[PDB]
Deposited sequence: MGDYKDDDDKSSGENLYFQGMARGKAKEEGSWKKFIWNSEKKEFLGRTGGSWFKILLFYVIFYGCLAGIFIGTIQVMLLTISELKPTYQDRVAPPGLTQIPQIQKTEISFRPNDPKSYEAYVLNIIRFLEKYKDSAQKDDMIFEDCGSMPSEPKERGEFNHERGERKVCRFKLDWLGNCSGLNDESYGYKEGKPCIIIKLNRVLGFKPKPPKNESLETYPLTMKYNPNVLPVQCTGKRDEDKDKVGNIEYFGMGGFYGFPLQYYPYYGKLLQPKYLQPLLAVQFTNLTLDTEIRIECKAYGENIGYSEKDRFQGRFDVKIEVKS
């Protein structure tokens, strides 16, 4: 009626305001067991993935050197990520710490608590990425038939990689370098991949261990990953070539269902 609707619209106000108060009163109780510094579990991200920077869409790098617009997105997307590694964005010394030019042991910056507050990151220099830093060549190699991808290991909080104790690198330094090796996925791709040139820190083809462990976006904002740049200086023209890059270690794991866990696959095609 006109007067008993106020008694049915008032029960459903209190009941639905009590359900909301119980749902919110339990989400804030669950969140009391969730730390703001480290994740409760590392089960899905524990074995880090390994990815390339150009953020290529369908695992296919296809472009034509004589067309400035086929590789325009490829070249313009590397710049966005390498802007934060610019030597002019690392001048601040209150945040950045200058480690050596040679790999060393993992740098422990303390414990996962509020002591020391903000922690000091270790700066990475572009010019270690010779021919791929962009300090000399504005296009990172795509102007010619020399694509250059930049490999990065996915950030895992508190994770310290352990390099192995494939072929030996002949410049081993395994105590402080995590090896990365890019090779053709098939025999008909190994025969056609040609020459692969890596550009890492200190002439070592891998991720130095002195940038680990990561401390997680609150203790370490402005954190710069170690990068490995791979250039294919001579590959078959007008062909789709499959290339698989792997990081070797005893922390690093590989999965038959996750195609990007410790590995990645990129199909490089250069058209003429």
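Gaps in the model relative to the deposited sequence occur at 1-47, 213-217, listed in sequence order.
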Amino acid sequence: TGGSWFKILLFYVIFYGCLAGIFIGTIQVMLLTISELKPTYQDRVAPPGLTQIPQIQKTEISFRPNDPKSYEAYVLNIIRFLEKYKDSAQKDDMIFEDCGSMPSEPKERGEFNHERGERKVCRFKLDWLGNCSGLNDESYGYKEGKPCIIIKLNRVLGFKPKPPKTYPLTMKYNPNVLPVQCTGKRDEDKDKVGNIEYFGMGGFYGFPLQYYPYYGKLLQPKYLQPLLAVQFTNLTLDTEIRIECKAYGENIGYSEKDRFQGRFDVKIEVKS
From here on, numbers count along this sequence of modelled residues.
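Superpose the two forms; the largest set of C-alphas matching within 1.5 Å is the rigid core.
Annotation: of the segments 131-139 and 150-158, 131-139 departs further from this form in 5 other deposited structures of this protein (C-alpha atoms, root mean square over structures and residues, core superposition).
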